[PDB]
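**Q** Take a look at the following structure, please.
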Amino acid sequence: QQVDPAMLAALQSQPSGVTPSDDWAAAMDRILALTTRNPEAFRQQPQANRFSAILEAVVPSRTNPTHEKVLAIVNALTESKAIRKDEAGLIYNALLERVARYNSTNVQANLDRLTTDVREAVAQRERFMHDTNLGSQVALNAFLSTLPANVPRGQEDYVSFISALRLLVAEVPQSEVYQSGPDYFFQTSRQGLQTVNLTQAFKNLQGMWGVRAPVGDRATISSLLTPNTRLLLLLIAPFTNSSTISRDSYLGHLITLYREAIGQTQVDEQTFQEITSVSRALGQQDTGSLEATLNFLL
Amino acid sequence: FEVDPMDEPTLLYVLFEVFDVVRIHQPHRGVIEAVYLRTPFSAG
Numbered sequence: 012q013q014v015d016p017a018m019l020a021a022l023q024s025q026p027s028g029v030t031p032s033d034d035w036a037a038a039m040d041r042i043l044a045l046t047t048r049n050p051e052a053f054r055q056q057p058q059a060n061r062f063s064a065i066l067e068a069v070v071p072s073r074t075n076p077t078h079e080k081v082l083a084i085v086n087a088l089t090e091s092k093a094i095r096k097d098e099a100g101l102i103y104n105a106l107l108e109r110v111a112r113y114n115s116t117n118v119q120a121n122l123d124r125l126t127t128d129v130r131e132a133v134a135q136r137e138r139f140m141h142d143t144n145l146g147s148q149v150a151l152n153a154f155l156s157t158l159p160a161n162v163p164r165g166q167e168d169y170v171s172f173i174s175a176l177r178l179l180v181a182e183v184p185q186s187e188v189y190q191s192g193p194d195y196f197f198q199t200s201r202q203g204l205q206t207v208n209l210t211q212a213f214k215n216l217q218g219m220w221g222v223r224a225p226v227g228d229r230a231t232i233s234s235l236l237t238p239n240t241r242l243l244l245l246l247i248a249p250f251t252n253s254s255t256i257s258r259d260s261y262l263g264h265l266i267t268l269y270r271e272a273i274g275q276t277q278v279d280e281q282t283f284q285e286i287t288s289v290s291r292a293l294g295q296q297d298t299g300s301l302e303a304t305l306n307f308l309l
Numbered sequence: 878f879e880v881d882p883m884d885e886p887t888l889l890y891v892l893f894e895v896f897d898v899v900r901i902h903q904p905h906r907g908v909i910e911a912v913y914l915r916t917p918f919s920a921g
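Chains A and B, in that order, give the protein sequences. Start counting the first sequence at 12; every next residue gets the next number (full-length UniProt numbering). Start counting the second sequence at 878; every next residue gets the next number (full-length UniProt numbering).
Encoded structure:
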């Protein structure tokens with residue numbers, strides 16, 4: 012939920028009340044009675060909690076940030092799942108033994124360099140959540156360095172389909188591709204369904220890019236296509252404008268018609284939101300509020 | 878004080894209520910360090 016780990020290190024090892032040992036500029040801010048909200052609040056403390064603050068502010072203490080700088084590292088390693096969460100009580104029990112064994116002027120200044128690049132040079136972790144080359148760009152640029160670029164029929168639409176497929180894994184942060192076994196896959200979401208067999212799809216689409224099929228043929232592709240190729244073309248449909256594969260290829264009978272099939276449900280869901288909200292507006296059997304509703308929409 | 882007469886030899890028990898605080902912490906695994914205070918009869 013947080014952005015930075017060192018703020019949680021500054022939340023688990025700093026005093027919540029204002030002390031002059033660490034925040035002098037706020038502890039002296041209220042001794043001299045110069046504060047906007049509640050100014051006159053330090054005279055009326057007795058000699059117990061005046062001298063226990065007014066001595067320690069005009070000459071500060073000299074504490075040791077060794078126990079605090081390591082929590083800005085041990086947290087920064089468990090935020091990125093390098094360590095198990097069940098385990099950080101051991102490594103801080105081992106790093107604090109480490110940097111007190113080999114302590115110097117250098118290591119106290121070398122940890123302090125390392126609690127800055129886990130703050131402002133950990134912006135790469137903010138970066139490839141957006142560009143998602145975790146598993147979407149550099150894991151697919153091996154796939155595009157695997158397919159043959161010499162297709163006999165349809166030389167131009169072959170390199171515009173994968174030009175529209177690299178855009179698919181780029182405009183979606185959740186989708187990713189990977190190497191499992193001798194073939195590459197592609198899931199549209201983490202914790203997600205609809206895994207396409209990406210090797211067994213472009214091998215099915217090879218020798219298929221030029222057909223120029225007529226518009227009176229529907230039930231032939233049970234022995235020609237494969238339903239995951241029929242689902243990969245479903246996942247390429249919203250990111251494919253009308254200028255990719257124009258009109259008369261058999262993919263124009265597929266990719267354009269898949270956008271119309273998505274174009275049905277992206278307005279009939281708004282119809283389905285109306286019907287399920289008027290069954291309780293007039294009084295309708297909720298068991299029979301979905302049987303006849305779906306049959307009108309399928 | 879001045880007290881009554883008795884039979885046995887007796888002892889005059891004084892219980893000064895004088896601040897006993899311990900401040901322990903451990904920076905390691907098996908390095909526990911105690912800081913005491915009692916402030917008359919000082920010890921640290």
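Built from N, CA and C at the ideal position, the CB exists for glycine as well.
Can you tell me the Cα-Cα spacing of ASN239 (chain A) and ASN144 (chain A), whole angstroms?
**A** Residue mapping note: residue 239 (chain A) aligns to position 228 of the first sequence, counting from 1. Residue mapping note: residue 144 (chain A) aligns to position 133 of the first sequence, counting from 1. Between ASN239 (chain A) and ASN144 (chain A), the C-alpha separation is close to 24 Å.
**Q** Counting only C-beta atoms, is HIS902 (chain B) closer than 8 Å to chain A at any point?
**A** Residue numbering aside, residue 902 (chain B) sits at position 25 when the second sequence is read from its first letter. No, no contact with chain A.
**Q** Going by DSSP in three states, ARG136 (chain A) sits in which element: helix, strand or coil?
**A** For the purposes of this step, residue 136 (chain A) is taken as residue 125 along the first sequence, with counting starting at 1. In this structure, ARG136 (chain A) counts as helix in the three-state DSSP scheme.
**Q** Taking the beta strand (DSSP E) that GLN198 (chain A) falls in, what are its first and last residues?
**A** Against the first sequence, residue 198 (chain A) aligns to sequence position 187. From DSSP, the beta strand (DSSP E) with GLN198 (chain A) extends over 194-198.
**Q** When the Cα of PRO31 (chain A) is compared with those of A:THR74, A:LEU22, A:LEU101 and A:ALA59, which residue comes out closest?
**A** Reading the first sequence from its first residue, position 20 is the one you call residue 31 (chain A). When the alpha-carbon of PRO31 (chain A) is set against those of A:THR74, A:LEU22, A:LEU101 and A:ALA59, the nearest one is in A:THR74.
**Q** Looking at the C-beta of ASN60 (chain A), does it have a partner C-beta in chain B at a distance below 8 Å?
**A** As a position in the first sequence, residue 60 (chain A) is number 49, starting the count at 1. No, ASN60 (chain A) does not count as interfacial toward chain B.
**Q** With H, G and I counted as helix, E and B as strand and the rest as coil, what does DSSP make of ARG229 (chain A)?
**A** Locating residue 229 (chain A) in the first sequence gives position 218, where the first residue counts as 1. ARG229 (chain A) falls in the coil class under three-state DSSP.
**Q** By Cβ distance below 7 Å, which residues in the same chain neighbour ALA38 (chain A) in space, the five residues on each side in sequence not counted?
**A** By one-based count along the first sequence, residue 38 (chain A) stands at place 27. For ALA38 (chain A), where only same-chain residues beyond five positions count, the Cβ hits under 7 Å are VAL29, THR30, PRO31, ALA64 and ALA68.
**Q** Suppose you measure from the CA of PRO57 (chain A) to the CA of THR46 (chain A); what does that come to, to the nearest Å?
**A** Here residue 57 (chain A) refers to the residue found at position 46 when the first sequence is read from its first residue. Here residue 46 (chain A) refers to the residue found at position 35 when the first sequence is read from its first residue. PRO57 (chain A) and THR46 (chain A): Cα-Cα distance of roughly 19 Å.
**Q** Can you tell me whether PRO882 (chain B) is buried or exposed? The criterion is at least 16 other CB atoms within 10 Å of its CB, across all chains shown.
**A** For this step, residue 882 (chain B) is matched to residue 5 along the second sequence. Result: exposed.
**Q** Flag this pair as yes or no: are the beta carbons of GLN198 (chain A) and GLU187 (chain A) separated by less than 8 Å?
**A** Locating residue 198 (chain A) in the first sequence gives position 187, counting from the first residue. Locating residue 187 (chain A) in the first sequence gives position 176, counting from the first residue. Yes, the pair counts as a contact, with Cβ atoms nearer than the cut-off.
**Q** Within 8 Å (strictly less), CB to CB, does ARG915 (chain B) reach chain A?
**A** The residue you call residue 915 (chain B) lines up with position 38 of the second sequence. No, because no Cβ of chain A sits closer than 8 Å to the Cβ of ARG915 (chain B).
**Q** Would you say the beta carbon of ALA134 (chain A) is closer than 7 Å to some non-hydrogen atom of the ligand COA?
**A** For the ligand COA, the structure offers nothing, since it holds no ligand at all.
**Q** Mark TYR261 (chain A) as exposed unless 16 or more other C-beta atoms lie within 10 angstroms of its C-beta, in which case mark it buried.
**A** On the first sequence, residue 261 (chain A) is found 250 positions in, with the first residue counted as 1. It is buried - the Cβ of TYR261 (chain A) has at least 16 other Cβ atoms within 10 Å.
**Q** For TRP220 (chain A) and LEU178 (chain A), what's the separation of their Cα atoms in angstroms?
**A** The sequence position of residue 220 (chain A) within the first sequence is 209, counting from 1. The sequence position of residue 178 (chain A) within the first sequence is 167, counting from 1. Rounded to whole angstroms, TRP220 (chain A) to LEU178 (chain A) spans 20 Å at the Cα level.
**Q** Hey, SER24 (chain A) and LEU88 (chain A): beta-carbon distance below 8 Å or not?
**A** Here residue 24 (chain A) is taken as the residue at index 13 of the first sequence, counted from 1. Here residue 88 (chain A) is taken as the residue at index 77 of the first sequence, counted from 1. Result no, Cβ atoms of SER24 (chain A) and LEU88 (chain A) do not sit closer than 8 Å.
**Q** Check the C-beta distance from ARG900 (chain B) over to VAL908 (chain B) and give it rounded, since I have them as a contact under 8 Å.
**A** Start at 1 with the first residue of the second sequence, and residue 900 (chain B) comes out as number 23. Start at 1 with the first residue of the second sequence, and residue 908 (chain B) comes out as number 31. Not quite, the Cβ-Cβ distance comes to about 15 Å (not below 8 Å), so this is no contact.
**Q** Identify which residue in A:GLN217, A:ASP194, A:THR116 and A:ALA99 has its Cα closest to the Cα of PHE154 (chain A).
**A** Residue 154 (chain A) sits at position 143 when you count from the first residue of the first sequence. It is A:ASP194 whose Cα lies nearest to the Cα of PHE154 (chain A).
**Q** Start and end of the alpha helix (DSSP H) containing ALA21 (chain A)?
**A** In the first sequence, the residue the question calls residue 21 (chain A) occupies position 10. 17-23 is the extent of the alpha helix (DSSP H) around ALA21 (chain A).
**Q** Compare the C-beta of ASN104 (chain A) against all C-beta atoms of chain B and say whether one is closer than 8 Å.
**A** Within the first sequence, the letter at position 93 stands for residue 104 (chain A). At least one chain B Cβ lies under 8 Å of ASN104 (chain A).
**Q** Is there a C-beta anywhere in chain B that falls below 8 Å from the one on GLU98 (chain A)?
**A** Numbered from its first residue, the first sequence carries residue 98 (chain A) at position 87. False, the Cβ-Cβ gap to chain B never drops below 8 Å.
**Q** What runs of the beta strand (DSSP E), each 3 residues or longer, lie entirely inside the segment 91-129 of chain A?
**A** none
**Q** So, is the C-beta of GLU67 (chain A) closer than 8 Å to a C-beta in chain B?
**A** As a working note, residue 67 (chain A) is residue 56 in the first sequence. Taking Cβ atoms only, chain B never reaches closer than 8 Å to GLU67 (chain A), which makes this a no.
**Q** Confirm, please, whether the CB-CB distance from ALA59 (chain A) to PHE53 (chain A) is below 8 Å.
**A** If you number the first sequence from 1, residue 53 (chain A) lands on position 42. If you number the first sequence from 1, residue 59 (chain A) lands on position 48. Contact: no.
**Q** By the 9 Å beta-carbon criterion, what residues does the segment 107-137 of chain A contribute toward chain B?
**A** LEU107, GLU108 and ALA111
**Q** Work out the CA separation of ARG906 (chain B) and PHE896 (chain B) for me, nearest whole Å.
**A** As a working note, residue 896 (chain B) is residue 19 in the second sequence. As a working note, residue 906 (chain B) is residue 29 in the second sequence. C-alpha separation (whole angstroms): 30 Å.
**Q** Establish whether the CB of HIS78 (chain A) and some CB of chain B are separated by less than 8 Å.
**A** Translated into positions along the first sequence, residue 78 (chain A) becomes position 67. Interface residue, yes.
**Q** What's the C-alpha gap between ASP123 (chain A) and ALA920 (chain B)?
**A** In the first sequence, residue 123 (chain A) corresponds to position 112, counting from 1. In the second sequence, residue 920 (chain B) corresponds to position 43, counting from 1. Cα to Cα, the separation comes out at about 37 Å.
**Q** Comparing alpha-carbon positions, which option in A:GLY263, A:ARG61 and A:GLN148 lies nearest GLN185 (chain A)?
**A** On the first sequence, position 174 is the one that residue 185 (chain A) refers to. It is A:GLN148.
**Q** If the criterion is Cβ atoms closer than 8 Å, does the pair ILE84 (chain A) and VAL129 (chain A) meet it?
**A** Here residue 84 (chain A) corresponds to residue number 73 of the first sequence, with the count starting at 1. Here residue 129 (chain A) corresponds to residue number 118 of the first sequence, with the count starting at 1. Going by C-beta atoms, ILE84 (chain A) is nearer than 8 Å to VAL129 (chain A).
**Q** Can you tell me whether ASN152 (chain A) is helix, strand or coil according to DSSP?
**A** Indexing the first sequence from 1 puts residue 152 (chain A) at position 141. The answer is coil: DSSP assigns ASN152 (chain A) none of H, G, I, E or B.
**Q** Excluding the 5 residues preceding and the 5 following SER171 (chain A) in the sequence, name in chain order all residues of the same chain whose CB lies nearer than 6 Å to its CB.
**A** Here residue 171 (chain A) refers to the residue found at position 160 when the first sequence is read from its first residue. So the list reads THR255, once near-sequence residues are dropped.
**Q** Here's the rule: buried if 16 or more other CB atoms are within 10 angstroms of the residue's CB, otherwise exposed. What is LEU301 (chain A)?
**A** By one-based count along the first sequence, residue 301 (chain A) stands at place 290. Exposed, by the Cβ-count rule.
**Q** Quick one: what does DSSP say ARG900 (chain B) is sitting in, helix, strand or coil?
**A** For the purposes of this step, residue 900 (chain B) is taken as residue 23 along the second sequence, with counting starting at 1. In the three-state reduction of the DSSP assignment, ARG900 (chain B) falls in the strand class.
**Q** Going by the DSSP bridge assignment, what does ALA911 (chain B) pair with across the sheet?
**A** Within the second sequence, numbered from 1, the residue matching residue 911 (chain B) stands at position 34. Partner(s): B:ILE901.
**Q** Under a three-way DSSP split, which group does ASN215 (chain A) fall into?
**A** By 1-based counting over the first sequence, the position of residue 215 (chain A) is 204. Helix at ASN215 (chain A).
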